[PDB]
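Accompanying notes for the structure given below.
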Amino acid sequence: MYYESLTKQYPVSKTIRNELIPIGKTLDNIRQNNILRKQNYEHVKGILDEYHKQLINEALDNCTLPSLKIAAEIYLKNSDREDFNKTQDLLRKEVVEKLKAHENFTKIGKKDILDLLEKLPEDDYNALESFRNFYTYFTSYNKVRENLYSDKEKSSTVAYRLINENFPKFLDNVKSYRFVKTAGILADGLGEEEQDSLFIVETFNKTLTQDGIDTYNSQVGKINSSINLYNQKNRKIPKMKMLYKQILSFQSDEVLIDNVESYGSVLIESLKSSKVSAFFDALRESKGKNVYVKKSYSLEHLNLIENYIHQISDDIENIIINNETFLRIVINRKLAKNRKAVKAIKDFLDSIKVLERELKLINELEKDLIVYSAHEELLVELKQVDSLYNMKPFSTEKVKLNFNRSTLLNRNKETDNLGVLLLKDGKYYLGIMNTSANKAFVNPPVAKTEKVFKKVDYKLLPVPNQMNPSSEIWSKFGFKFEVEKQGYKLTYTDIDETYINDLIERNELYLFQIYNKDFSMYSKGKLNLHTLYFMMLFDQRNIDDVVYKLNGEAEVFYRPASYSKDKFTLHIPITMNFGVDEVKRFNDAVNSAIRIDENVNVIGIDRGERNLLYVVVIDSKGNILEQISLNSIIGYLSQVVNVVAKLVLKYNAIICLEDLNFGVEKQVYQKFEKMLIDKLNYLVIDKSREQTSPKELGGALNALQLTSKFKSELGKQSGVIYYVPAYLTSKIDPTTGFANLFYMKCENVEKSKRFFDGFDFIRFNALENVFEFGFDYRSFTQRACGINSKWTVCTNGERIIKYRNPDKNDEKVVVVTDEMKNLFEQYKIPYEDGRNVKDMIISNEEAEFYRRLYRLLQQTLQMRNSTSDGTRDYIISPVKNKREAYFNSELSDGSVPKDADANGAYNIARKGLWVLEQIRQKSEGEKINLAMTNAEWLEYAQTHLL
């Protein structure tokens, strides 16, 4: 009963360690990227690239696309928008079959391309040769290059480049040429004329190759030169737009800085050029007519134009941060090593990117010819900015993860990558993104197959001061009936398994299965606690009322192979009893729970000589309920701990341990403490796999917390655990309260004579065959040796003695009465009639007599008797108890201590009763003194006896 209030007392943090199993081609991606050592990998990629360019141009050289006429109508005529999108998809198809109809296409991606298709069209040959038998390295490369030959409306495909990008440009030039055929701009250099041939729809078929695009752009530049010349008439003529290239477009730290410095220099000059003013004042003079903005809407309703050009500010920040590139070329060992440089370069390219992103905000078929030509000239300067180099996951010994909208992107040897958690088929997986794919899960495509993952959405609202008088006057989950302790929730999103695969194949995602002995299709037995804590994160019963919070951070550690195993392990910090208010005065909270209850029992745990630990449970009046041992096994300290925890539940009990105050056996004891206090911080009993009723007492979501957070700052109490002096716990007859308090030494005869003159009598009991030594301890010491100091001590029984052996071990069994005879007989003392022989003993003059009398008395007083080999460790008293018997542990029936170690544990438990008397007898809240004096124990031992 008393402990059932001690749930949800304080929050606790754990880090959970689990192994990781690589899934799919993740381990290959990792191993492959451990290239180093330079190697021709990039050289062979370049060779594969140029045959891609060749095959592409050759498949499209003398090509002619049928639907081209259909589409060109829709666009040039007088919804047309959807018919164009449709006929564009038809065209994207028509490009792809022409690409797939080329010879050698079915050897794209297949290893079979290594042979003739590369050894024939050398430095290059040795580079190719070097990747025979190593073809899998281009797996990721192939998955990326696959998108060239796709009819899907994606920006990376050959069909999209030609049909969705270039073809509308080509047609828009056809629309512009009306003004150039008019006004007689017969272009300079177009000798003998017939430039009109460029703006017949059919001429586009000749621009499906890079070499036809070059030719088209070159001549159209000549026209634009004459167009720009036509500005002199003082209305204005739209310039022609250039077509983008066929899709053909980081060796060291020395080379890259010149590229950065160079492009930045070209760019800011281009951004200070007339290109920008021409775009702005064309965009202003368009009055917004036929200008469309991001899936789109037209500016014809307005105000906004001049709110838009004032992103001039993107030019100002490019300029500033280009100047800030003085940290690169003025102030600069490798570049990636530099705190500022890496940041200044990223700040620079980012600022460019936002300019491009801002530009791309514009763009339908009827769009304004002049505005969009100026926009295109300016944008051609920026579309070079796909710089997209790196400075790398599993290069390092660890990767740090974040599960949240919070990743820093720099400490440059410890930057956060995204972690995602994915559930499928009752298993748990960990995905960790390559930084270039961090946004793959921001808006994932809607799931369509049956084979899906459930991705964990990590919803956290930190520090609510995020966002109308001052401080004295809804897409989030916030639940209906400051929010800090409700501002966390996990929710789920179905994601199609093929999308996850695509990222792995592309080397953009590193997916692992989270594994422990309990996460297997072959798993058996109860759950390990850390498996349980982990499961409870995702268990809906916790999401409904949070006990377990996932701290957003996590770390992965990688030991690479060296035909040993590639080992990955995961550490996940978590908080348990998240959002509870920490109980201030926990020890009193327990002391007041005990104060209320009569029925409390005690568990005493002691260090033993033959048992490392001995546990003894006793009731409130002193009776032994259970006395159980180490070596009694029917990771060892974990078992005792798990046992002792059950006993606290089973017996409604507190725990009493030795106070290691003034003082190897005592090292495991301190380990046991630590483990025992650790355990009782947060105790969970129900370790079942099915986990049916975890909200009950001691279930996962209602753990008990019976002890205070371990810190070394500890006094004599830690919750239900109390510490008591070890004084005379093992060397005391529990049935009498008797202990050997004689401070003895055979110093000399004078001081031996009136040591033995302190006894009331020394006599023989012929009937019981023992010698009796009667005395009062007061006659021997000034100490307060309990409330009974009168005793009669008898040469009762056998004793085990270590003894002086010329051969240096031995031990023997002695019967003190018969030796006490042999000595008295040797020295002619008349004992047999039962007189008091005291006056006759102290009359002996020889010291040898007293040496041997001391030894016999000492041996009589030797209550604990042991064997070097554990064969025996028992306690025998030399005093008769309430049962007219001499206490002997070997004759125990379980109602008394079985051995000396048990006696220690028993008498430690008894002192707990004394503290229970202290706790109950004090007031609510007052400090409780637990310093038990040696005199109090002897008093308690001699009165609460048996």
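Counting neighbours? That spans all protein chains shown, and the Cβs are built from the backbone with ideal geometry, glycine included. Each answer follows from the model by the rule given with it, or from the source it names; none is laboratory data.
Answer yes if at least one residue in region 898-912 is among the β-branched types (V, I, T), crowded, with 21+ Cβ neighbours inside 10 Å and in contact with a helix residue (DSSP H, G or I) (Cβ under 7 Å, 6 or more places away or on another chain), and no otherwise.
For region 898-912, residues among the β-branched types (V, I, T), crowded, with 21+ Cβ neighbours inside 10 Å and in contact with a helix residue (DSSP H, G or I) (Cβ under 7 Å, 6 or more places away or on another chain): absent.
Among residues that are in contact with a strand residue (DSSP E or B) (Cβ under 8 Å, 6 or more places away or on another chain) and within 16 Å of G622 (Cβ to Cβ), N865 is not included. Here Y874, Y854, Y831 are screened, and the one residue that is part of a helix (DSSP H, G or I) and either of a type in the set (A, V, I, L, M, F, W, C) or surrounded by 13 or more Cβ atoms within 10 Å (Cβ to Cβ) (or both) is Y854.
Determine whether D494 is touching a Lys or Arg at 6+ places or on another chain (Cβ under 8 Å), surrounded by fewer than 16 Cβ atoms within 10 Å (Cβ to Cβ) and of a type outside the set (S, T, Y).
Spelling it out, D494 is indeed touching a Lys or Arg at 6+ places or on another chain (Cβ under 8 Å), surrounded by fewer than 16 Cβ atoms within 10 Å (Cβ to Cβ) and of a type outside the set (S, T, Y).
Residues being under 21 Å from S274 (Cα atoms) and among the aliphatic types (A, V, I, L, M): count how many of those fall in region 204-235. Residues meeting the conditions: 4.
Looking across region 94-120 at every residue that is out of contact with any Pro (no Cβ under 9 Å at 6 or more places or on another chain) and among the acidic types (D, E), the one that is surrounded by the fewest Cβ atoms within 10 Å (Cβ to Cβ) is identified as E103. The set of residues in region 782-804 being out of contact with any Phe, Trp or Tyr (no Cβ under 7 Å at 6 or more places or on another chain), in a loop (DSSP other than H, G, I, E, B) and surrounded by 13 or more Cβ atoms within 10 Å (Cβ to Cβ) consists of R783, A784, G786, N788. For region 135-142, state whether one or more residues are touching a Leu at 6+ places or on another chain (Cβ under 9 Å) and more than 22 Å from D502 (Cα to Cα). No: zero hits. Is there a residue in region 259-266 that is in the same structural domain as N363 (by TED's automatic domain parsing), in contact with a helix residue (DSSP H, G or I) (Cβ under 8 Å, 6 or more places away or on another chain), assigned to a loop (DSSP other than H, G, I, E, B) and surrounded by 13 or more Cβ atoms within 10 Å (Cβ to Cβ)? Checking region 259-266: not a single residue is in the same structural domain as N363 (by TED's automatic domain parsing), in contact with a helix residue (DSSP H, G or I) (Cβ under 8 Å, 6 or more places away or on another chain), assigned to a loop (DSSP other than H, G, I, E, B) and surrounded by 13 or more Cβ atoms within 10 Å (Cβ to Cβ). Residue count for region 728-773 satisfying the condition of being part of a helix (DSSP H, G or I) and surrounded by 17 or more Cβ atoms within 10 Å (Cβ to Cβ): 3. If the condition is being in a helix (DSSP H, G or I), surrounded by 15 or more Cβ atoms within 10 Å (Cβ to Cβ) and of a type outside the set (S, T, N, Q), then region 921-946 contributes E936, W937, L938, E939, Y940, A941.
Here the condition is being crowded, with 22+ Cβ neighbours inside 10 Å and of a type in the set (V, I, T); of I634, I655, it holds for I655 alone.
For region 431-471, filtered to residues that are under 27 Å from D581 (Cα atoms) and part of a loop (DSSP other than H, G, I, E, B), the residue that is farthest from the chain's Cα centre (by Cα) is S471. Of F167, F179, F199, all but one fail to be outside the structural domain of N290 (by TED's automatic domain parsing) and under 30 Å from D502 (Cα atoms); the exception is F167. Answer yes or no as to whether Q195 is under 18 Å from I247 (Cβ atoms) and either surrounded by 17 or more Cβ atoms within 10 Å (Cβ to Cβ) or not acidic (D, E) (or both). When the stated conditions are applied, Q195 does not pass them.
Determine which member of the set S475, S436 is outside the structural domain of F538 (by TED's automatic domain parsing) and of a type in the set (G, A, S). Before you say what the answer is, go through the steps one by one.
Numbers: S436 fails: outside the structural domain of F538 (by TED's automatic domain parsing).
Only one candidate passes the filter, namely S475.
Does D606 satisfy being of a type in the set (D, E, K, R) and assigned to a strand (DSSP E or B)? Against the criterion (of a type in the set (D, E, K, R) and assigned to a strand (DSSP E or B)), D606 qualifies.
Summed over region 298-316, residues that are within 22 Å of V354 (Cβ to Cβ) and out of contact with any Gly (no Cβ under 7 Å at 6 or more places or on another chain) total 12. Looking only at region 188-207, residues that are over 23 Å from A72 (Cβ atoms) and either acidic (D, E) or in contact with a helix residue (DSSP H, G or I) (Cβ under 9 Å, 6 or more places away or on another chain) (or both) come to 5 in all.
Is it true that some residue in region 500-512 is within 25 Å of the chain's Cα centre (by Cα), under 22 Å from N404 (Cα atoms), among the polar types (S, T, N, Q) and buried (at least 19 other Cβ atoms within 10 Å of the Cβ)? Yes: region 500-512 contains one or more residues that are within 25 Å of the chain's Cα centre (by Cα), under 22 Å from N404 (Cα atoms), among the polar types (S, T, N, Q) and buried (at least 19 other Cβ atoms within 10 Å of the Cβ). Taking the stated definitions as given, is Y682 closer than 30 Å to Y940 by Cα and crowded, with 18+ Cβ neighbours inside 10 Å? For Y682, the condition - closer than 30 Å to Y940 by Cα and crowded, with 18+ Cβ neighbours inside 10 Å - is not met. Evaluate region 618-626: report whether one residue or more is closer than 24 Å to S712 by Cα, of a type in the set (D, E) and not in a loop (DSSP other than H, G, I, E, B). No, there is no match, as no residue in region 618-626 is closer than 24 Å to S712 by Cα, of a type in the set (D, E) and not in a loop (DSSP other than H, G, I, E, B).
Matching residues to (1) β-branched (V, I, T); (2) within 30 Å of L117 (Cα to Cα); (3) in contact with a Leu (Cβ under 8 Å, 6 or more places away or on another chain):
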position: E42; (1), (2), (3): no, yes, no
position: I56; (1), (2), (3): yes, yes, yes
position: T64; (1), (2), (3): yes, yes, no
position: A71; (1), (2), (3): no, no, yes
position: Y75; (1), (2), (3): no, no, yes
position: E82; (1), (2), (3): no, no, no
position: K86; (1), (2), (3): no, no, no
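Would a scan of region 805-827 turn up a residue that is within 27 Å of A900 (Cβ to Cβ), among the aromatic types (F, W, Y), in the same structural domain as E884 (by TED's automatic domain parsing) and buried (at least 18 other Cβ atoms within 10 Å of the Cβ)? Looking for residues that are within 27 Å of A900 (Cβ to Cβ), among the aromatic types (F, W, Y), in the same structural domain as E884 (by TED's automatic domain parsing) and buried (at least 18 other Cβ atoms within 10 Å of the Cβ), one finds none in region 805-827, hence no. Here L649 fulfils each of the conditions (1) assigned to a loop (DSSP other than H, G, I, E, B); (2) out of contact with any strand residue (DSSP E or B) (no Cβ under 7 Å at 6 or more places or on another chain) apart from (1).
Evaluating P464 against the criteria (1) in contact with a helix residue (DSSP H, G or I) (Cβ under 7 Å, 6 or more places away or on another chain); (2) closer than 27 Å to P444 by Cα leaves one unmet condition, (2).
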